[PDB]
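Next comes structure-v3.pdb, with PDB, N, CA and C atoms.
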ATOM      1  N   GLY A  61     -41.456 -13.624  96.532
ATOM      2  CA  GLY A  61     -42.512 -14.656  96.613
ATOM      3  C   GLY A  61     -42.340 -15.512  97.855
ATOM      4  N   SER A  62     -41.801 -16.723  97.700
ATOM      5  CA  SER A  62     -41.434 -17.609  98.822
ATOM      6  C   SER A  62     -40.000 -17.317  99.333
ATOM      7  N   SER A  63     -39.394 -18.243 100.077
ATOM      8  CA  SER A  63     -38.061 -18.116 100.690
ATOM      9  C   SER A  63     -37.360 -19.484 100.816
ATOM     10  N   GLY A  64     -36.020 -19.488 100.819
ATOM     11  CA  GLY A  64     -35.190 -20.698 100.815
ATOM     12  C   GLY A  64     -35.010 -21.273  99.409
ATOM     13  N   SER A  65     -35.091 -22.597  99.298
ATOM     14  CA  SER A  65     -34.882 -23.350  98.053
ATOM     15  C   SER A  65     -35.554 -24.732  98.111
ATOM     16  N   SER A  66     -35.930 -25.276  96.954
ATOM     17  CA  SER A  66     -36.459 -26.639  96.785
ATOM     18  C   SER A  66     -35.359 -27.723  96.728
ATOM     19  N   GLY A  67     -34.080 -27.318  96.754
ATOM     20  CA  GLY A  67     -32.890 -28.182  96.706
ATOM     21  C   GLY A  67     -31.932 -27.859  95.554
ATOM     22  N   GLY A  68     -32.407 -27.164  94.510
ATOM     23  CA  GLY A  68     -31.577 -26.656  93.408
ATOM     24  C   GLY A  68     -30.943 -27.762  92.557
ATOM     25  N   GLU A  69     -29.655 -27.597  92.248
ATOM     26  CA  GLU A  69     -28.841 -28.496  91.420
ATOM     27  C   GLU A  69     -27.349 -28.276  91.728
ATOM     28  N   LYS A  70     -26.548 -29.344  91.716
ATOM     29  CA  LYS A  70     -25.090 -29.285  91.919
ATOM     30  C   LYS A  70     -24.328 -28.973  90.608
ATOM     31  N   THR A  71     -23.258 -28.169  90.698
ATOM     32  CA  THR A  71     -22.464 -27.647  89.561
ATOM     33  C   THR A  71     -20.967 -27.671  89.867
ATOM     34  N   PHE A  72     -20.140 -27.612  88.816
ATOM     35  CA  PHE A  72     -18.671 -27.700  88.893
ATOM     36  C   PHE A  72     -18.000 -26.486  89.571
ATOM     37  N   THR A  73     -18.750 -25.393  89.755
ATOM     38  CA  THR A  73     -18.358 -24.149  90.433
ATOM     39  C   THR A  73     -19.554 -23.685  91.256
ATOM     40  N   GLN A  74     -19.322 -23.282  92.503
ATOM     41  CA  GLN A  74     -20.379 -22.797  93.396
ATOM     42  C   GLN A  74     -20.780 -21.355  93.052
ATOM     43  N   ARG A  75     -22.029 -20.988  93.368
ATOM     44  CA  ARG A  75     -22.618 -19.671  93.068
ATOM     45  C   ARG A  75     -22.158 -18.603  94.081
ATOM     46  N   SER A  76     -20.848 -18.525  94.294
ATOM     47  CA  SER A  76     -20.133 -17.693  95.277
ATOM     48  C   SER A  76     -19.994 -16.218  94.837
ATOM     49  N   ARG A  77     -21.007 -15.688  94.134
ATOM     50  CA  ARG A  77     -20.999 -14.374  93.485
ATOM     51  C   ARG A  77     -21.635 -13.308  94.382
ATOM     52  N   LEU A  78     -20.886 -12.241  94.638
ATOM     53  CA  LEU A  78     -21.288 -11.071  95.410
ATOM     54  C   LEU A  78     -21.468  -9.859  94.486
ATOM     55  N   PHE A  79     -22.568  -9.150  94.710
ATOM     56  CA  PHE A  79     -22.901  -7.847  94.152
ATOM     57  C   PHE A  79     -22.348  -6.777  95.102
ATOM     58  N   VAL A  80     -21.751  -5.712  94.562
ATOM     59  CA  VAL A  80     -21.172  -4.612  95.348
ATOM     60  C   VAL A  80     -21.722  -3.281  94.830
ATOM     61  N   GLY A  81     -22.548  -2.634  95.655
ATOM     62  CA  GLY A  81     -23.168  -1.333  95.394
ATOM     63  C   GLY A  81     -22.609  -0.217  96.269
ATOM     64  N   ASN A  82     -23.020   1.018  95.964
ATOM     65  CA  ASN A  82     -22.559   2.249  96.624
ATOM     66  C   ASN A  82     -21.037   2.464  96.440
ATOM     67  N   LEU A  83     -20.482   1.995  95.311
ATOM     68  CA  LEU A  83     -19.054   2.118  95.003
ATOM     69  C   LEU A  83     -18.653   3.597  94.790
ATOM     70  N   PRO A  84     -17.469   4.033  95.271
ATOM     71  CA  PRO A  84     -16.923   5.357  94.976
ATOM     72  C   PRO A  84     -16.572   5.492  93.484
ATOM     73  N   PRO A  85     -16.417   6.721  92.958
ATOM     74  CA  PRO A  85     -15.992   6.960  91.576
ATOM     75  C   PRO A  85     -14.480   6.722  91.369
ATOM     76  N   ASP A  86     -13.738   6.486  92.458
ATOM     77  CA  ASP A  86     -12.279   6.310  92.508
ATOM     78  C   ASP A  86     -11.861   4.827  92.654
ATOM     79  N   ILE A  87     -12.795   3.881  92.484
ATOM     80  CA  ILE A  87     -12.528   2.438  92.582
ATOM     81  C   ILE A  87     -11.941   1.896  91.264
ATOM     82  N   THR A  88     -11.066   0.891  91.371
ATOM     83  CA  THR A  88     -10.436   0.169  90.255
ATOM     84  C   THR A  88     -10.517  -1.332  90.504
ATOM     85  N   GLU A  89     -10.231  -2.128  89.473
ATOM     86  CA  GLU A  89     -10.106  -3.583  89.597
ATOM     87  C   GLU A  89      -9.029  -3.972  90.631
ATOM     88  N   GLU A  90      -7.963  -3.171  90.768
ATOM     89  CA  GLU A  90      -6.888  -3.394  91.735
ATOM     90  C   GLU A  90      -7.303  -3.027  93.170
ATOM     91  N   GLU A  91      -8.081  -1.952  93.364
ATOM     92  CA  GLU A  91      -8.676  -1.627  94.668
ATOM     93  C   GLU A  91      -9.666  -2.718  95.099
ATOM     94  N   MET A  92     -10.503  -3.210  94.177
ATOM     95  CA  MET A  92     -11.491  -4.258  94.462
ATOM     96  C   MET A  92     -10.830  -5.613  94.743
ATOM     97  N   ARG A  93      -9.743  -5.948  94.036
ATOM     98  CA  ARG A  93      -8.911  -7.118  94.328
ATOM     99  C   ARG A  93      -8.266  -7.009  95.719
ATOM    100  N   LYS A  94      -7.749  -5.833  96.097
ATOM    101  CA  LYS A  94      -7.166  -5.577  97.421
ATOM    102  C   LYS A  94      -8.200  -5.623  98.559
ATOM    103  N   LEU A  95      -9.388  -5.040  98.365
ATOM    104  CA  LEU A  95     -10.516  -5.096  99.313
ATOM    105  C   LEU A  95     -10.951  -6.532  99.659
ATOM    106  N   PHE A  96     -10.683  -7.490  98.765
ATOM    107  CA  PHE A  96     -11.030  -8.903  98.914
ATOM    108  C   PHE A  96      -9.806  -9.817  99.127
ATOM    109  N   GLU A  97      -8.592  -9.266  99.272
ATOM    110  CA  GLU A  97      -7.351 -10.053  99.349
ATOM    111  C   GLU A  97      -7.247 -10.911 100.627
ATOM    112  N   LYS A  98      -7.993 -10.548 101.681
ATOM    113  CA  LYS A  98      -8.144 -11.328 102.920
ATOM    114  C   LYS A  98      -8.842 -12.687 102.679
ATOM    115  N   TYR A  99      -9.614 -12.800 101.591
ATOM    116  CA  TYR A  99     -10.356 -13.998 101.163
ATOM    117  C   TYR A  99      -9.696 -14.702  99.952
ATOM    118  N   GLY A 100      -8.498 -14.257  99.546
ATOM    119  CA  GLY A 100      -7.770 -14.741  98.364
ATOM    120  C   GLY A 100      -8.222 -14.071  97.064
ATOM    121  N   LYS A 101      -7.566 -14.420  95.956
ATOM    122  CA  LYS A 101      -7.881 -13.874  94.627
ATOM    123  C   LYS A 101      -9.223 -14.424  94.097
ATOM    124  N   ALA A 102     -10.106 -13.532  93.638
ATOM    125  CA  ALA A 102     -11.412 -13.880  93.066
ATOM    126  C   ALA A 102     -11.283 -14.542  91.680
ATOM    127  N   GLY A 103     -12.271 -15.367  91.318
ATOM    128  CA  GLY A 103     -12.367 -16.040  90.015
ATOM    129  C   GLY A 103     -12.984 -15.166  88.918
ATOM    130  N   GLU A 104     -13.674 -14.081  89.288
ATOM    131  CA  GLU A 104     -14.143 -13.038  88.373
ATOM    132  C   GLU A 104     -14.315 -11.699  89.112
ATOM    133  N   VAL A 105     -14.050 -10.579  88.427
ATOM    134  CA  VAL A 105     -14.097  -9.196  88.951
ATOM    135  C   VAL A 105     -14.590  -8.249  87.843
ATOM    136  N   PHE A 106     -15.635  -7.455  88.116
ATOM    137  CA  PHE A 106     -16.181  -6.436  87.206
ATOM    138  C   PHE A 106     -16.626  -5.167  87.951
ATOM    139  N   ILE A 107     -16.434  -4.002  87.323
ATOM    140  CA  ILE A 107     -16.882  -2.674  87.793
ATOM    141  C   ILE A 107     -17.377  -1.872  86.583
ATOM    142  N   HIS A 108     -18.537  -1.220  86.696
ATOM    143  CA  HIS A 108     -19.107  -0.371  85.642
ATOM    144  C   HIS A 108     -19.411   1.057  86.149
ATOM    145  N   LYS A 109     -18.603   2.036  85.721
ATOM    146  CA  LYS A 109     -18.640   3.417  86.236
ATOM    147  C   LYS A 109     -19.877   4.217  85.776
ATOM    148  N   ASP A 110     -20.451   3.880  84.617
ATOM    149  CA  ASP A 110     -21.661   4.527  84.082
ATOM    150  C   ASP A 110     -22.950   4.121  84.829
ATOM    151  N   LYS A 111     -22.888   3.088  85.682
ATOM    152  CA  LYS A 111     -23.989   2.647  86.556
ATOM    153  C   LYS A 111     -23.679   2.820  88.060
ATOM    154  N   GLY A 112     -22.407   2.704  88.473
ATOM    155  CA  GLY A 112     -21.960   2.856  89.871
ATOM    156  C   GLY A 112     -22.000   1.554  90.683
ATOM    157  N   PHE A 113     -21.824   0.406  90.019
ATOM    158  CA  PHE A 113     -21.959  -0.938  90.596
ATOM    159  C   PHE A 113     -20.860  -1.889  90.102
ATOM    160  N   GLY A 114     -20.579  -2.918  90.907
ATOM    161  CA  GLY A 114     -19.607  -3.971  90.620
ATOM    162  C   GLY A 114     -20.042  -5.350  91.109
ATOM    163  N   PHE A 115     -19.276  -6.356  90.698
ATOM    164  CA  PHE A 115     -19.540  -7.780  90.896
ATOM    165  C   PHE A 115     -18.216  -8.518  91.116
ATOM    166  N   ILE A 116     -18.214  -9.535  91.978
ATOM    167  CA  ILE A 116     -17.010 -10.308  92.320
ATOM    168  C   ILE A 116     -17.388 -11.722  92.772
ATOM    169  N   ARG A 117     -16.680 -12.743  92.281
ATOM    170  CA  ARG A 117     -17.049 -14.159  92.457
ATOM    171  C   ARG A 117     -15.881 -14.933  93.062
ATOM    172  N   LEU A 118     -16.072 -15.497  94.258
ATOM    173  CA  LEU A 118     -14.995 -16.111  95.055
ATOM    174  C   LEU A 118     -14.886 -17.629  94.805
ATOM    175  N   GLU A 119     -13.925 -18.298  95.451
ATOM    176  CA  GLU A 119     -13.646 -19.719  95.198
ATOM    177  C   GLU A 119     -14.612 -20.674  95.932
ATOM    178  N   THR A 120     -15.183 -20.263  97.077
ATOM    179  CA  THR A 120     -16.083 -21.092  97.905
ATOM    180  C   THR A 120     -17.193 -20.261  98.540
ATOM    181  N   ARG A 121     -18.284 -20.943  98.909
ATOM    182  CA  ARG A 121     -19.388 -20.366  99.685
ATOM    183  C   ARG A 121     -18.919 -19.785 101.029
ATOM    184  N   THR A 122     -17.962 -20.439 101.702
ATOM    185  CA  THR A 122     -17.393 -20.018 102.993
ATOM    186  C   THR A 122     -16.706 -18.666 102.866
ATOM    187  N   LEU A 123     -15.872 -18.492 101.836
ATOM    188  CA  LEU A 123     -15.216 -17.216 101.545
ATOM    189  C   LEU A 123     -16.242 -16.121 101.231
ATOM    190  N   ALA A 124     -17.278 -16.424 100.438
ATOM    191  CA  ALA A 124     -18.324 -15.461 100.077
ATOM    192  C   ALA A 124     -19.207 -15.046 101.273
ATOM    193  N   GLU A 125     -19.501 -15.962 102.202
ATOM    194  CA  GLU A 125     -20.212 -15.670 103.455
ATOM    195  C   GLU A 125     -19.372 -14.774 104.379
ATOM    196  N   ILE A 126     -18.094 -15.111 104.580
ATOM    197  CA  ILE A 126     -17.174 -14.302 105.398
ATOM    198  C   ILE A 126     -17.014 -12.903 104.786
ATOM    199  N   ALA A 127     -16.774 -12.800 103.477
ATOM    200  CA  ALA A 127     -16.686 -11.523 102.764
ATOM    201  C   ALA A 127     -17.973 -10.687 102.904
ATOM    202  N   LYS A 128     -19.161 -11.285 102.739
ATOM    203  CA  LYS A 128     -20.448 -10.625 103.020
ATOM    204  C   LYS A 128     -20.511 -10.091 104.463
ATOM    205  N   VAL A 129     -20.194 -10.913 105.466
ATOM    206  CA  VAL A 129     -20.251 -10.500 106.884
ATOM    207  C   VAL A 129     -19.219  -9.401 107.214
ATOM    208  N   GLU A 130     -18.045  -9.422 106.577
ATOM    209  CA  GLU A 130     -16.942  -8.486 106.838
ATOM    210  C   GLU A 130     -17.075  -7.133 106.106
ATOM    211  N   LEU A 131     -17.663  -7.103 104.901
ATOM    212  CA  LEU A 131     -17.643  -5.933 104.004
ATOM    213  C   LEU A 131     -18.961  -5.149 103.918
ATOM    214  N   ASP A 132     -20.102  -5.741 104.276
ATOM    215  CA  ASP A 132     -21.396  -5.056 104.167
ATOM    216  C   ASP A 132     -21.525  -3.926 105.208
ATOM    217  N   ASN A 133     -21.885  -2.729 104.737
ATOM    218  CA  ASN A 133     -21.916  -1.455 105.468
ATOM    219  C   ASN A 133     -20.516  -0.904 105.844
ATOM    220  N   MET A 134     -19.431  -1.436 105.263
ATOM    221  CA  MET A 134     -18.061  -0.966 105.525
ATOM    222  C   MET A 134     -17.814   0.410 104.867
ATOM    223  N   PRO A 135     -17.127   1.341 105.557
ATOM    224  CA  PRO A 135     -16.761   2.639 105.008
ATOM    225  C   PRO A 135     -15.608   2.509 104.003
ATOM    226  N   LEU A 136     -15.745   3.178 102.852
ATOM    227  CA  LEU A 136     -14.728   3.282 101.802
ATOM    228  C   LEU A 136     -14.763   4.681 101.168
ATOM    229  N   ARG A 137     -13.682   5.462 101.310
ATOM    230  CA  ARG A 137     -13.516   6.810 100.716
ATOM    231  C   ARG A 137     -14.625   7.811 101.137
ATOM    232  N   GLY A 138     -15.308   7.556 102.262
ATOM    233  CA  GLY A 138     -16.456   8.330 102.772
ATOM    234  C   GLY A 138     -17.837   7.791 102.367
ATOM    235  N   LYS A 139     -17.901   6.729 101.556
ATOM    236  CA  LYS A 139     -19.132   6.029 101.151
ATOM    237  C   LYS A 139     -19.373   4.785 102.030
ATOM    238  N   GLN A 140     -20.618   4.316 102.152
ATOM    239  CA  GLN A 140     -20.960   3.069 102.855
ATOM    240  C   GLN A 140     -21.301   1.985 101.831
ATOM    241  N   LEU A 141     -20.509   0.910 101.800
ATOM    242  CA  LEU A 141     -20.633  -0.170 100.816
ATOM    243  C   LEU A 141     -21.862  -1.050 101.071
ATOM    244  N   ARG A 142     -22.594  -1.381 100.004
ATOM    245  CA  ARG A 142     -23.672  -2.375 100.010
ATOM    246  C   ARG A 142     -23.131  -3.691  99.443
ATOM    247  N   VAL A 143     -23.236  -4.796 100.182
ATOM    248  CA  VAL A 143     -22.748  -6.123  99.755
ATOM    249  C   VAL A 143     -23.844  -7.167  99.963
ATOM    250  N   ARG A 144     -24.146  -7.937  98.915
ATOM    251  CA  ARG A 144     -25.179  -8.984  98.911
ATOM    252  C   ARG A 144     -24.827 -10.107  97.928
ATOM    253  N   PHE A 145     -25.420 -11.289  98.088
ATOM    254  CA  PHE A 145     -25.316 -12.363  97.095
ATOM    255  C   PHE A 145     -26.073 -11.981  95.814
ATOM    256  N   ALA A 146     -25.438 -12.165  94.650
ATOM    257  CA  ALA A 146     -26.017 -11.812  93.347
ATOM    258  C   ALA A 146     -27.162 -12.757  92.917
ATOM    259  N   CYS A 147     -27.196 -13.965  93.491
ATOM    260  CA  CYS A 147     -28.268 -14.961  93.393
ATOM    261  C   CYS A 147     -28.560 -15.510  94.803
ATOM    262  N   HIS A 148     -29.836 -15.643  95.171
ATOM    263  CA  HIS A 148     -30.253 -16.025  96.534
ATOM    264  C   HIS A 148     -31.653 -16.675  96.595
ATOM    265  N   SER A 149     -32.655 -16.068  95.956
ATOM    266  CA  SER A 149     -33.987 -16.666  95.785
ATOM    267  C   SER A 149     -33.995 -17.629  94.579
ATOM    268  N   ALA A 150     -34.521 -18.847  94.759
ATOM    269  CA  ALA A 150     -34.575 -19.878  93.721
ATOM    270  C   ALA A 150     -35.686 -19.616  92.682
ATOM    271  N   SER A 151     -35.505 -20.132  91.463
ATOM    272  CA  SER A 151     -36.529 -20.097  90.403
ATOM    273  C   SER A 151     -37.629 -21.164  90.609
ATOM    274  N   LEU A 152     -38.654 -21.160  89.746
ATOM    275  CA  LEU A 152     -39.774 -22.113  89.776
ATOM    276  C   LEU A 152     -39.361 -23.539  89.360
ATOM    277  N   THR A 153     -40.260 -24.505  89.593
ATOM    278  CA  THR A 153     -40.075 -25.938  89.296
ATOM    279  C   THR A 153     -41.422 -26.638  89.137
ATOM    280  N   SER A 154     -41.430 -27.760  88.428
ATOM    281  CA  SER A 154     -42.618 -28.569  88.133
ATOM    282  C   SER A 154     -42.699 -29.799  89.061
ATOM    283  N   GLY A 155     -43.548 -29.722  90.096
ATOM    284  CA  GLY A 155     -43.741 -30.795  91.081
ATOM    285  C   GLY A 155     -44.899 -30.530  92.050
ATOM    286  N   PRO A 156     -46.147 -30.905  91.699
ATOM    287  CA  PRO A 156     -47.305 -30.796  92.585
ATOM    288  C   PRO A 156     -47.262 -31.864  93.688
ATOM    289  N   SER A 157     -48.054 -31.668  94.745
ATOM    290  CA  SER A 157     -48.130 -32.561  95.915
ATOM    291  C   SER A 157     -49.587 -32.771  96.369
ATOM    292  N   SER A 158     -49.955 -34.017  96.680
ATOM    293  CA  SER A 158     -51.309 -34.419  97.105
ATOM    294  C   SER A 158     -51.395 -34.694  98.621
ATOM    295  N   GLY A 159     -52.619 -34.708  99.168
ATOM    296  CA  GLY A 159     -52.908 -34.947 100.591
ATOM    297  C   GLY A 159     -54.387 -35.225 100.869
TER     298      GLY A 159
END

What would you get if you wrote out this structure as structure tokens?
Amino acid sequence: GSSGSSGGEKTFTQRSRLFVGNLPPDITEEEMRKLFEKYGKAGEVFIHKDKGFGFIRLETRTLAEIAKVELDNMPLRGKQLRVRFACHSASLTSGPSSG
């Protein structure tokens, strides 16, 4: 639809969540922890082999931006990794404007 954000809302943990696609069939939670060890230990890690996709959530927006810039289109086991923010486009809100 549109692009950017209306300003959102502040929370006790930042939305530092990355989606990871094009994963090999030989990936583990320990391989995914090692692939991100340059950015420190993640606050959440998931992989689902019946779909071929994973998810990982870092400590700060800065770490998640650097990890996105460093890992997207990176070669792994002969596959090319897809890396993106798991949330990026904002939801709707109630606020009309006159002129």

Worksheet item: Distance atom C of residue 99 of chain A-atom CA of residue 120 of chain A, one decimal place?
Response: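 Here the two named atoms are 9.3 Å from each other.
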
Worksheet item: How many Å separate atom N of residue 140 of chain A from atom CA of residue 82 of chain A?
Response: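 Answer for the atom N of residue 140 of chain A to atom CA of residue 82 of chain A separation: 6.2 Å.
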
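The space between atom CA of residue 151 of chain A and atom CA of residue 75 of chain A spans 14.2 Å.
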
Worksheet item: So which bits of segment 63-153 of chain A end up helix (DSSP H, G or I) when you DSSP the backbone, as an MDAnalysis selection string?
Response: chainID A and resid 89:95 97:99 121:131

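Closest approach to residue 80 of chain A from the set A:65, A:106, A:114, A:149 is made by A:114, with distances taken over only C-alpha atoms.
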
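Every protein, DNA or RNA residue with an atom at most 12 Å from residue 153 of chain A, where only C-alpha atoms count and chain neighbours fewer than 6 positions away do not, is listed here: residues 65, 66, 67, 68 and 69 of chain A.
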
Fill in: Top pick for closest residue to residue 144 of chain A, considering A:95, A:126, A:78, A:118 and counting only C-alpha atoms
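Smallest distance to residue 144 of chain A is found for A:78.
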
Discussion item. Can you spell out as a PyMOL selection string the set of residues that the PyMOL selection byres (((chain A and resi 61 and name CA) around 10) and name CA) selects in the structure I just provided?
Written reply: chain A and resi 62-63+149-150

Item to complete: Give as a ChimeraX atom specification the residues that the PyMOL selection byres ((chain A and resi 145) around 5) matches when applied to the coordinates above.
Response: /A:77-79,143-144,146-147

Answer key for the PyMOL selection byres ((chain A and resi 117) around 6), residues as a PDB file with N, CA and C atoms, in the frame of the given file:
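Done, and the output landed in out.pdb:
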ATOM      1  N   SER A  76     -20.848 -18.525  94.294  1.00  0.00           N
ATOM      2  CA  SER A  76     -20.133 -17.693  95.277  1.00  0.00           C
ATOM      3  C   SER A  76     -19.994 -16.218  94.837  1.00  0.00           C
ATOM      4  N   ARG A  77     -21.007 -15.688  94.134  1.00  0.00           N
ATOM      5  CA  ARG A  77     -20.999 -14.374  93.485  1.00  0.00           C
ATOM      6  C   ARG A  77     -21.635 -13.308  94.382  1.00  0.00           C
ATOM      7  N   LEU A  78     -20.886 -12.241  94.638  1.00  0.00           N
ATOM      8  CA  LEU A  78     -21.288 -11.071  95.410  1.00  0.00           C
ATOM      9  C   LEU A  78     -21.468  -9.859  94.486  1.00  0.00           C
ATOM     10  N   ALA A 102     -10.106 -13.532  93.638  1.00  0.00           N
ATOM     11  CA  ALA A 102     -11.412 -13.880  93.066  1.00  0.00           C
ATOM     12  C   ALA A 102     -11.283 -14.542  91.680  1.00  0.00           C
ATOM     13  N   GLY A 103     -12.271 -15.367  91.318  1.00  0.00           N
ATOM     14  CA  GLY A 103     -12.367 -16.040  90.015  1.00  0.00           C
ATOM     15  C   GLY A 103     -12.984 -15.166  88.918  1.00  0.00           C
ATOM     16  N   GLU A 104     -13.674 -14.081  89.288  1.00  0.00           N
ATOM     17  CA  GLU A 104     -14.143 -13.038  88.373  1.00  0.00           C
ATOM     18  C   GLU A 104     -14.315 -11.699  89.112  1.00  0.00           C
ATOM     19  N   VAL A 105     -14.050 -10.579  88.427  1.00  0.00           N
ATOM     20  CA  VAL A 105     -14.097  -9.196  88.951  1.00  0.00           C
ATOM     21  C   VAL A 105     -14.590  -8.249  87.843  1.00  0.00           C
ATOM     22  N   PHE A 115     -19.276  -6.356  90.698  1.00  0.00           N
ATOM     23  CA  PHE A 115     -19.540  -7.780  90.896  1.00  0.00           C
ATOM     24  C   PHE A 115     -18.216  -8.518  91.116  1.00  0.00           C
ATOM     25  N   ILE A 116     -18.214  -9.535  91.978  1.00  0.00           N
ATOM     26  CA  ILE A 116     -17.010 -10.308  92.320  1.00  0.00           C
ATOM     27  C   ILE A 116     -17.388 -11.722  92.772  1.00  0.00           C
ATOM     28  N   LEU A 118     -16.072 -15.497  94.258  1.00  0.00           N
ATOM     29  CA  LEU A 118     -14.995 -16.111  95.055  1.00  0.00           C
ATOM     30  C   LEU A 118     -14.886 -17.629  94.805  1.00  0.00           C
ATOM     31  N   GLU A 119     -13.925 -18.298  95.451  1.00  0.00           N
ATOM     32  CA  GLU A 119     -13.646 -19.719  95.198  1.00  0.00           C
ATOM     33  C   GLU A 119     -14.612 -20.674  95.932  1.00  0.00           C
TER      34      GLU A 119
END

I want to know what sits within 8 Å of residue 109 of chain A, based on all atoms listed in the file, with residues of the same chain fewer than 4 positions away left out; could you give that as a short mmCIF file (atom, residue, chain, number, x, y, z; two decimals) with N, CA and C atoms, in the coordinates of the input?
data_model
loop_
_atom_site.label_atom_id
_atom_site.label_comp_id
_atom_site.auth_asym_id
_atom_site.auth_seq_id
_atom_site.Cartn_x
_atom_site.Cartn_y
_atom_site.Cartn_z
N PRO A 84 -17.47 4.03 95.27
CA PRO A 84 -16.92 5.36 94.98
C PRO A 84 -16.57 5.49 93.48
N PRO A 85 -16.42 6.72 92.96
CA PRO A 85 -15.99 6.96 91.58
C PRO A 85 -14.48 6.72 91.37
N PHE A 113 -21.82 0.41 90.02
CA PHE A 113 -21.96 -0.94 90.60
C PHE A 113 -20.86 -1.89 90.10
N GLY A 114 -20.58 -2.92 90.91
CA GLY A 114 -19.61 -3.97 90.62
C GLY A 114 -20.04 -5.35 91.11
#

Looking only at the backbone, which of the residues in segment 66-154 of chain A does DSSP tag as strand (DSSP E or B), as an mmCIF file with N, CA and C atoms, in the frame of the given file?
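As a result, states02.cif now contains:
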data_model
loop_
_atom_site.group_PDB
_atom_site.id
_atom_site.type_symbol
_atom_site.label_atom_id
_atom_site.label_comp_id
_atom_site.auth_asym_id
_atom_site.auth_seq_id
_atom_site.Cartn_x
_atom_site.Cartn_y
_atom_site.Cartn_z
ATOM 1 N N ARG A 77 -21.007 -15.688 94.134
ATOM 2 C CA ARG A 77 -20.999 -14.374 93.485
ATOM 3 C C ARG A 77 -21.635 -13.308 94.382
ATOM 4 N N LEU A 78 -20.886 -12.241 94.638
ATOM 5 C CA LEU A 78 -21.288 -11.071 95.410
ATOM 6 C C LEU A 78 -21.468 -9.859 94.486
ATOM 7 N N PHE A 79 -22.568 -9.150 94.710
ATOM 8 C CA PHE A 79 -22.901 -7.847 94.152
ATOM 9 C C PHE A 79 -22.348 -6.777 95.102
ATOM 10 N N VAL A 80 -21.751 -5.712 94.562
ATOM 11 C CA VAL A 80 -21.172 -4.612 95.348
ATOM 12 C C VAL A 80 -21.722 -3.281 94.830
ATOM 13 N N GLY A 81 -22.548 -2.634 95.655
ATOM 14 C CA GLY A 81 -23.168 -1.333 95.394
ATOM 15 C C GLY A 81 -22.609 -0.217 96.269
ATOM 16 N N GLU A 104 -13.674 -14.081 89.288
ATOM 17 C CA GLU A 104 -14.143 -13.038 88.373
ATOM 18 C C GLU A 104 -14.315 -11.699 89.112
ATOM 19 N N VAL A 105 -14.050 -10.579 88.427
ATOM 20 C CA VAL A 105 -14.097 -9.196 88.951
ATOM 21 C C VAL A 105 -14.590 -8.249 87.843
ATOM 22 N N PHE A 106 -15.635 -7.455 88.116
ATOM 23 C CA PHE A 106 -16.181 -6.436 87.206
ATOM 24 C C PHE A 106 -16.626 -5.167 87.951
ATOM 25 N N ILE A 107 -16.434 -4.002 87.323
ATOM 26 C CA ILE A 107 -16.882 -2.674 87.793
ATOM 27 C C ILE A 107 -17.377 -1.872 86.583
ATOM 28 N N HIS A 108 -18.537 -1.220 86.696
ATOM 29 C CA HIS A 108 -19.107 -0.371 85.642
ATOM 30 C C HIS A 108 -19.411 1.057 86.149
ATOM 31 N N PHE A 113 -21.824 0.406 90.019
ATOM 32 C CA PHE A 113 -21.959 -0.938 90.596
ATOM 33 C C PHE A 113 -20.860 -1.889 90.102
ATOM 34 N N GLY A 114 -20.579 -2.918 90.907
ATOM 35 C CA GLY A 114 -19.607 -3.971 90.620
ATOM 36 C C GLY A 114 -20.042 -5.350 91.109
ATOM 37 N N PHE A 115 -19.276 -6.356 90.698
ATOM 38 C CA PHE A 115 -19.540 -7.780 90.896
ATOM 39 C C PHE A 115 -18.216 -8.518 91.116
ATOM 40 N N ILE A 116 -18.214 -9.535 91.978
ATOM 41 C CA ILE A 116 -17.010 -10.308 92.320
ATOM 42 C C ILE A 116 -17.388 -11.722 92.772
ATOM 43 N N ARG A 117 -16.680 -12.743 92.281
ATOM 44 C CA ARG A 117 -17.049 -14.159 92.457
ATOM 45 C C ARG A 117 -15.881 -14.933 93.062
ATOM 46 N N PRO A 135 -17.127 1.341 105.557
ATOM 47 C CA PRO A 135 -16.761 2.639 105.008
ATOM 48 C C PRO A 135 -15.608 2.509 104.003
ATOM 49 N N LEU A 136 -15.745 3.178 102.852
ATOM 50 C CA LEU A 136 -14.728 3.282 101.802
ATOM 51 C C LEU A 136 -14.763 4.681 101.168
ATOM 52 N N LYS A 139 -17.901 6.729 101.556
ATOM 53 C CA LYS A 139 -19.132 6.029 101.151
ATOM 54 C C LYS A 139 -19.373 4.785 102.030
ATOM 55 N N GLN A 140 -20.618 4.316 102.152
ATOM 56 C CA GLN A 140 -20.960 3.069 102.855
ATOM 57 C C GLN A 140 -21.301 1.985 101.831
ATOM 58 N N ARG A 142 -22.594 -1.381 100.004
ATOM 59 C CA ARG A 142 -23.672 -2.375 100.010
ATOM 60 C C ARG A 142 -23.131 -3.691 99.443
ATOM 61 N N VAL A 143 -23.236 -4.796 100.182
ATOM 62 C CA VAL A 143 -22.748 -6.123 99.755
ATOM 63 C C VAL A 143 -23.844 -7.167 99.963
ATOM 64 N N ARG A 144 -24.146 -7.937 98.915
ATOM 65 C CA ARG A 144 -25.179 -8.984 98.911
ATOM 66 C C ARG A 144 -24.827 -10.107 97.928
ATOM 67 N N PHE A 145 -25.420 -11.289 98.088
ATOM 68 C CA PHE A 145 -25.316 -12.363 97.095
ATOM 69 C C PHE A 145 -26.073 -11.981 95.814
#
